[PDB]
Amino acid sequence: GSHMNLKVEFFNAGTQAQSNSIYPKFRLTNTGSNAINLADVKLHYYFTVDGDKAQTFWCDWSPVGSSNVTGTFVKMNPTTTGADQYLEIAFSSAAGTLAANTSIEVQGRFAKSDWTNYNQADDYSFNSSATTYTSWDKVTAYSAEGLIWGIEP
């Protein structure tokens, strides 16, 4: 009612269909009056891997300190349209809190260990058109309570 006031905006920094990397950019805004503990916040980006390989996420920049933002990859079960895996982004305790009526960006890439290609065009979370942050319900966010933003596939 006031404890999940996290607005999530998103775009893709690189929009090549055949791409050796995926470039998620999130903007998270605390739209409420109470601080949000980022250590409890998770984000998901859903996609089809187009050839499963070990993957790595890098956060290149966030105001909270890029080293405090990490990613792991999970398989969808069962798989569904546009989604056989997701990236899950997490924040460490050193990321701190997100103050009332403030926002932070989280800018990351991910790639396969052998740098082989993805097809972005079929990915559930991919936005082929946005060039700026946009309110996007095809990425999800979570608190300790569970889902707080978006539509899971």
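One-based numbering along the sequence shown.
Residue range whose averaged C-alpha B-factor is higher in the record, 127-135 or 21-29: Between 127-135 and 21-29, it is 127-135 that shows the higher mean C-alpha B-factor.
Exercise for review: Higher average CA B factor in the deposited record is what I'm after, so tell me if that's 43-51 or 100-108.
Suggested key: Higher mean C-alpha B-factor in the PDB entry: 100-108.
| Identity of residue with top Cα B-factor, from 85, 119, 93, 113 | If I rank 85, 119, 93, 113 by C-alpha B-factor, first place goes to 93.
Review point. Among 56, 34, 70, 62, which residue carries the highest C-alpha B-factor recorded in the PDB entry?
Key: That would be 34.
Could you place residue 81 in the lowest, middle or highest third of its chain by Cα temperature factor, using the values in the record? Highest third.
| said: When the deposited Cα B-factors of this chain's modelled residues are ordered and cut into thirds, is residue 13 in the lowest, the middle or the highest one? | reply: Answer is middle: the recorded C-alpha B-factor places it there.
Practice task
Among all modelled residues of this chain, ranked by Cα B factor, put residue 151 in the bottom, middle or top third, i.e. lowest, middle or highest.
Solution key: Middle third of the chain for residue 151's C-alpha B-factor.
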